[PDB]
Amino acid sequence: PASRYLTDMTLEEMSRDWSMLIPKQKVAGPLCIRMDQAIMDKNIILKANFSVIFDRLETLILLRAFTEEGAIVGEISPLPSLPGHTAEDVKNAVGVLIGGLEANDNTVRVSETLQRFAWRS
């Protein structure tokens, strides 16, 4: 107490508005997954912001999928009910998005922060 945040996004990236040409949305536990169904054939990078506590990545604040050119085409966010999630919830929601984008022929990569979070639980 209190918490800090490690993030892959500039302050602009996590504040910017975005919308989906073809809006797809799915609830996975306490988290909302959105991805633009229209996006295809792109190289995508998943970037997250995590609360950091006791030097441990603690909880997902925001995840977004960016194309190589910086466009937001996917989002993972907790429900405003503020239902608290677990690291498995997160890893689960994340694979759902990955699968969603690879359906459309997008090559998906994850950030170093997520690469590390995968194995930290």
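From 1 onward, residues are counted along the sequence shown.
- When 63-71 is weighed against 24-32, 24-32 comes out higher, by mean CA B-factor as recorded in the entry.
- Reading the B-factor column for the CA atoms of 48, 94, 79, 45 in the entry, the top value corresponds to 79.
- When the modelled residues of the chain are ordered by their C-alpha B factor, residue 40 lands in the middle third.
- When the modelled residues of the chain are ordered by their C-alpha B factor, residue 118 lands in the lowest third.
- Ranked within its chain, residue 98 lands in the lowest third, by CA B factor from the PDB record.
- For residue 11, the recorded CA temperature factor ranks within the highest third of the chain's modelled residues.
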